[PDB]
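What follows is a single structure, written as C-alpha cells, with notes after it.
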C-alpha cells in the first residue's frame, strides 16, 4: 500500500498569484526534487489553482455552490512507501536550511493544511 | 501542454461503516469506473483513503498540528486529463448516468461533496 502526504497551501499574503505560482514551479520544485529523489518519494504532484485553471474548474463545478469549491492556491502531494521517508527528509539538515525557509517566500504559513492517506493508482 | 486534475472530496454515506465505505469504493466503484476512464482518455486516476489503516500515519505526519489543520475526507478521487471535455463527456455518457451516478448514493453523502479543478506538474523518480 502506497501512502500520500497532501499539503494544502494558501499563498503568501500580498503575493501576486502569478508570483506565487512562478516561485512554486521554477524555484521551489528544483529545490525539492533532489530531496524527493534521495529519500525515495515515488511521485510528487503540484496542483495549481490560478487564472489558467479557473475557467476549467468553473466548468467542471458548474451548478455547484461556491462553498463546495475546495480551493487552495497550491496543493503538493508526495506518494511514498513509508512515511519515515518523509519524516527523514523533513529533518534532513540541508532541508531545514533550504526548503523550510523557502516556504515563507510563497506560503501563508498560518493557514497550511494537510492529510495522510493510502492510495490506489491507475494509469492508461 | 498542461495536464488538468479534477478532484472529488467525498464524505462517506451517513450510517455507513468506514470498512463498508472503503470496500465498496475499492472493489465495486473502481472496476465500474475504470472502463469509462479508459474510454474517455483519463491519463491517471487516484483514489485516496483516510481510514483506520492510514490514520496513524497521518497522525505522525501531522504531529504538532491543530486538529482543524487536518483536512480530512473519507475518500478523495483525482482524475488527470489532457482537457476537461474528456470528463464532461464521460459524465453525460448515458451508461455513466445509470451506473456510476446511482452508485454514488451507495457510498457517498451526496449533500457534502466538494471538488476542485487545477493544472498540475508531475514528477516520478
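Protein chains in written order, with the authors' numbering: chain B, 9 to 132; chain A, 8 to 132.
Even for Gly, the Cβ is constructed at its ideal location relative to N, Cα and C.
Please determine if the stretch 32–41 of chain A and the stretch 106–119 of chain B are in contact, where contact requires at least 3 C-beta pairs separated by less than 8 Å.
The stretch 32–41 of chain A, when compared against the stretch 106–119 of chain B, does not touch it at the 8 Å Cβ threshold.
Contacts that residue 56 of chain B makes with chain A (C-beta to C-beta distance below 9 Å)
Counting from 1 along the first chain, the entry for residue 56 of chain B is found at position 48. In chain order: 9, 125, 126, 127 and 128.
Hey, does residue 71 of chain B have any beta-carbon neighbour from chain A nearer than 8 Å?
Stepping through the first chain from its first residue, residue 71 of chain B is reached at position 63. With respect to chain A, the C-beta atom of residue 71 of chain B has no partner C-beta closer than 8 Å.
For the stretch 15–23 of chain B against the stretch 83–97 of chain B, are there 3 or more C-beta pairs whose distance is under 8 Å?
Put simply, the stretch 15–23 of chain B touches the stretch 83–97 of chain B. At least three CB pairs are less than 8 Å apart.
6 Å CB neighbourhood of residue 31 of chain B in its chain, flanking five on each side removed:
Locating residue 31 of chain B in the first chain gives position 23, where the first residue counts as 1. Closer than 6 Å at Cβ, skipping near neighbours: 114.
On the three-state DSSP scale, how would you describe residue 114 of chain A?
Reading the second chain from its first residue, position 107 is the one you call residue 114 of chain A. Residue state, collapsed to three classes: coil.
Residues of its chain near residue 23 of chain A, where Cβ-Cβ distance is below 7 Å and the 5 sequence neighbours each way are ignored:
Counting from one through the second chain, the residue named residue 23 of chain A turns up at place 16. Contacts found: 114.
So is residue 114 of chain B in contact with chain A if we call contact Cβ pairs under 8 Å?
The count along the first chain starts at 1 and reaches residue 114 of chain B at position 106. Taking Cβ atoms only, chain A never reaches closer than 8 Å to residue 114 of chain B, which makes this a no.
Out of curiosity, what's the CA-to-CA distance linking residue 72 of chain B and residue 124 of chain A?
Start at 1 with the first residue of the first chain, and residue 72 of chain B comes out as number 64. Start at 1 with the first residue of the second chain, and residue 124 of chain A comes out as number 117. In this structure, the CA atom of residue 72 of chain B is about 13 Å from the CA atom of residue 124 of chain A.
May I ask you to check if the CB of residue 91 of chain B is nearer than 7 Å to at least one heavy atom of the ligand COA?
Although the ligand COA was asked about, the structure shown includes no ligands whatsoever.
Any alpha helix (DSSP H) of 4 or more consecutive residues that is wholly inside the stretch 22–46 of chain A:
The alpha helix (DSSP H) runs of length 4 or more contained entirely in the stretch 22–46 of chain A are, from start to end of the chain, 25–30 and 37–46.
CB contact flag (residue 45 of chain A, residue 91 of chain B, <8 Å)
Within the second chain, the letter at position 38 stands for residue 45 of chain A. Within the first chain, the letter at position 83 stands for residue 91 of chain B. Taking 8 Å as the cut-off, the beta carbon of residue 45 of chain A is found no closer than this to the beta carbon of residue 91 of chain B.
For residue 117 of chain B, collect the residues of the same chain with a Cβ closer than 7 Å to its Cβ; drop the 5 residues on either side in sequence, then sort them by chain order.
Taking the first residue of the first chain as 1, we reach residue 117 of chain B at position 109. Correct list, in chain order: 111.
Closest to residue 58 of chain A by CA distance: which of A/120, A/48 and A/29 is it?
On the second chain, position 51 is the one that residue 58 of chain A refers to. Residue A/29 is the option with its Cα nearest to residue 58 of chain A.
Excluding five sequence neighbours on each side, which residues of the same chain lie with their C-beta closer than 8 Å to the C-beta of residue 94 of chain B?
Position 86 of the first chain, counting from 1, holds the residue named residue 94 of chain B. A distance below 8 Å between beta-carbons, with the five flanking residues on each side excluded, links residue 94 of chain B to the following residues of its chain, in chain order: 13, 47, 49, 86 and 88.
From A/126, A/121 and A/128, pick the residue whose C-alpha is nearest to that of residue 70 of chain B; which is it?
Your numbering for residue 70 of chain B matches position 62 in the first chain. Residue A/121 is the option with its Cα nearest to residue 70 of chain B.
Just mark residue 60 of chain B as buried or exposed, buried being the case when its beta carbon has 16 or more other beta carbons within 10 Å.
Position 52 of the first chain, counting from 1, holds the residue named residue 60 of chain B. Residue 60 of chain B should be labelled exposed.
In three-state DSSP terms, what is residue 96 of chain B?
To locate residue 96 of chain B, count along the first chain from 1; it is residue 88. Helix.
Determine, using beta carbons only, whether residue 41 of chain B comes closer than 8 Å to chain A.
Locating residue 41 of chain B in the first chain gives position 33, where the first residue counts as 1. Interface residue, yes.
Against chain B, which members of the stretch 19–33 of chain A pass a CB distance test of less than 7 Å?
For the stretch 19–33 of chain A, residues whose beta-carbon sits nearer than 7 Å to a beta-carbon of chain B comprise 33.
Name, please, each residue of chain A whose Cβ falls closer than 7 Å to the Cβ of residue 94 of chain B.
Working through the first chain from its first residue, we reach residue 94 of chain B at position 86. Within chain A, the residues whose beta carbon sits less than 7 Å from that of residue 94 of chain B are 68, listed in sequence order.
Residues of chain A with a CB under 7 Å from the CB of residue 49 of chain B: which are they?
Taking the first chain and counting its residues from 1, the one referred to as residue 49 of chain B is at position 41. Simply 132.
Inter-residue spacing [alpha-carbon to alpha-carbon] between residue 8 of chain A and residue 56 of chain B
Sequence index remark: in the second chain, residue 8 of chain A carries index 1 (1-based). Sequence index remark: in the first chain, residue 56 of chain B carries index 48 (1-based). One C-alpha to the other measures close to 14 Å.
Helix, strand or coil for residue 62 of chain A per DSSP?
Locating residue 62 of chain A in the second chain gives position 55, counting from the first residue. It is helical.
Is DSSP giving residue 132 of chain B helix, strand or coil here?
The sequence position of residue 132 of chain B within the first chain is 124, counting from 1. In the three-state scheme derived from DSSP, where H, G and I count as helix and E and B as strand, residue 132 of chain B is classed as coil.
Candidates B/129, B/11 and B/130: closest to residue 4 of chain A by CA position:
The requested residue 4 of chain A is not part of the displayed model; chain A covers only 8 to 132.
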